[PDB]
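S.K.: Chains as they are written, first to last, in my numbering: chain Y, 1 to 29; chain L, 1 to 49.
Structure incoming, see below.
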Amino acid sequence: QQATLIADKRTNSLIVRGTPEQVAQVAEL
Amino acid sequence: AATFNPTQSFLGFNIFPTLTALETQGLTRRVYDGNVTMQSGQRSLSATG
């Protein structure tokens, strides 16, 4: 699949949830 | 605008002047100073009636 992304407007927080490889890709972006 | 009349003849010289002079100034200022208190992730409100 693709990693789940959760965006919070109040705190300006990005939450990525997936396999460890799919999460390191967002972490470098 | 000059004309000539060969049938009559005026007496002497007449000048009939007229003067006009005007001056004016204006100045408009308009100032607003607004505060609003708010939060970071604040959203809009949908009332609208």
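Backbone N, C-alpha and C define an ideal beta-carbon position, used for all residues, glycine too.
Taking C-beta pairs closer than 8 Å, name the residues in chain L that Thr-19/Y reaches, listed in chain order.
M.R.: What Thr-19/Y touches in chain L: nothing, since even the nearest Cβ is about 29 Å away.
S.K.: Can you pull the chain Y residues whose beta carbon is under 7 Å from the beta carbon of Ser-44/L, in chain order?
M.R.: Under the 7 Å cutoff, chain Y gives no residues; its nearest Cβ is about 11 Å from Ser-44/L.
S.K.: Counting only C-beta atoms, is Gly-49/L closer than 9 Å to chain Y at any point?
M.R.: No - not a single Cβ of chain Y is within 9 Å of the one on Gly-49/L.
S.K.: So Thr-11/Y contacts chain L; which residues on that side make the cut at Cβ distance below 7 Å?
M.R.: Simply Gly-41.
S.K.: Is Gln-25/L near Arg-10/Y, with beta carbons less than 9 Å apart?
M.R.: Cβ distance not < 9 Å, so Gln-25/L and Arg-10/Y don't count as in contact.
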